[PDB]
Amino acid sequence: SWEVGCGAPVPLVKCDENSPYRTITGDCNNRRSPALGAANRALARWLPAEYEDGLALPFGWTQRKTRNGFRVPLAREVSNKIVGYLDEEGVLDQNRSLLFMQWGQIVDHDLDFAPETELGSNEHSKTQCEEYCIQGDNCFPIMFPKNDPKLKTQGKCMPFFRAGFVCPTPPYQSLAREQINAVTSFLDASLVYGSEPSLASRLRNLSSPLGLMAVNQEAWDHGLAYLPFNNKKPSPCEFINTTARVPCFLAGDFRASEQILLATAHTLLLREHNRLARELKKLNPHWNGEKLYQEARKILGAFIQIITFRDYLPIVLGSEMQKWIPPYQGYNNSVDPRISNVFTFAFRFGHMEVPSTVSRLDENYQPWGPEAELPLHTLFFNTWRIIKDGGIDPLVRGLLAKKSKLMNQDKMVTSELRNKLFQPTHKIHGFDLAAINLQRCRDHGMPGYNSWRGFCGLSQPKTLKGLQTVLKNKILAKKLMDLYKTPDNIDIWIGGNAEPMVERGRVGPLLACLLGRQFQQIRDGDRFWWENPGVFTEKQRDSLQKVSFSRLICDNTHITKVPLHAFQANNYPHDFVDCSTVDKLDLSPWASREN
């Protein structure tokens, strides 16, 4: 007895059916089931949700009710006893650049977003939750354990709001609570253009027929464009330096200004759209604005898919790559392309790959300025350092020359994110991303670690000795048992991230399985996948294979020296070469005659 009635919170419309362009909402990708993969719908469930009361309450909500007979430990204690570390030396990945971490965040934001609950404009819940830590409704505070230094200095808890769910959002109940994915599931560049009709339109430059995206009008970066500023005050980007008063950037995705390197990436993409756009007009002068926009847009979608599948996943999945994502075989209308709820947690392996600093390099790739190396936390929601401190070129050089942080069992997440994370909404640099993650696993009703091992067909340890062998680490296995009492209670996020990495990969077996299946699906169930016969012509695909992130760089900055393989670790100047030597995307194949 199914239930697929429930729905409304969804912006729907009719389909075009022989239209060559994806919709903004993702609707109509699948002809037989039109809303599959669309934005503003529930995340798919690969396993049933697991709640304290079986429907909506998170585990750890009712301090008396246990999970399999035990109390589940506070997310912050786990963060404190297993995730933190003090010494940053020796923690960098010797063969993965800072761009490796950054692309991951970009693919992520393209695929999923479960925003927090509102009903809170002009709200005191907004305060009944930060001031007094009273648990209730959508307020599910992260309590501080005894002996936490934040006690003495911050309060009794860290505010936290539950994720949105469907059918409504206010006081609801009935079936099992399913969170929302506010963006399209397909890998389609929805982060550049938006996932809603409204925002997509406001992002475009409609005062002219060139099919370009709107650009900042207050500042330019050496003639090159900037994303436009965001309308909405109170702005967090201006709260961090009330003298600079530079607002956040307005983009296709709302998290765009979370950190300066993510904003840099968004800018690089915006720029490529316009470039691609003025170039296409030049070869087909009669094309109107719509055609220029959709056509460029489609090129860029094919770009992100290529870099992701050809250059990125192979070094995340490693030797497991082929075990989950076999050679492409054509569109499969039976493959469900929805992003699963657990994937949004599996993809968070990236948080343990973020180093404590971001650097800026001048043109010889040497420290730019005196205070060239900044601590990560000073850059959450920091747009002023771009606009008033050198543009994006210095940051892009850092992306190519610095390394990512390597995941390590005794040194998982940097304190820059574990104690000094900045929320939009709040006023301090004192949040814990690691604790938020664990708290979100429960909010989302995730099955424990062992449920997912079974799912992936991997052993399921029940004993300390069992866990030691799987984690191949006596001590961590130990900390994990003292806190969880049973491996069946270990939250998927930490359980999955504590495993050793597979050969040539950056994630372990459980994650490789969870990541691998998800990507296989968004590829096989995407009617618009770039390799799908009829989407692009044979000659257009031969052109699209020469796309390189190195090139994306050369064409949209004033950097003339770039690595050939921008994801592996490269040393300047030996591994860098003149832009003049890098393959360019050939567009003549897009030229469409007449008569």
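Heads up: residue numbers just count along the shown sequence, starting at 1. In this text, the rigid core denotes the largest set of C-alpha atoms whose superposition between the two forms falls within 1.5 Å.
Using the rigid core as the fitting frame, the root mean square C-alpha deviation in 9 other deposited structures of this protein is greater for 121-129 than for the other of 355-363 and 121-129. Comparing the two stretches 162-170 and 86-94 by root mean square C-alpha distance in 9 other deposited structures of this protein, with all structures fitted on the core, the more displaced one is 162-170.
Once the C-alpha B-factors are averaged per stretch, 118-126 and 95-103 rank with 118-126 first.
Looking at 362-370 and 269-277 together, the entry lists the larger mean B-factor for 362-370, computed on C-alpha atoms. The residue among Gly525, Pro285, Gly505, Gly350 whose C-alpha carries the highest B-factor in the deposited model is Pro285. Within the group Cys456, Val396, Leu379, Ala219, the record's highest C-alpha temperature factor is found at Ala219. Ranked within its chain, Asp542 lands in the highest third, by CA B factor from the PDB record. Split the chain's modelled residues into thirds by C-alpha temperature factor. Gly164 is in the middle one. Per the PDB record, residue ranking by Cα B-factor puts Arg45 in the lowest third of the chain. Sort the chain's modelled residues by C-alpha temperature factor and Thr242 lands in the highest third, per the entry. When all modelled residues of the chain are sorted by CA temperature factor, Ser235 is found within the highest third.
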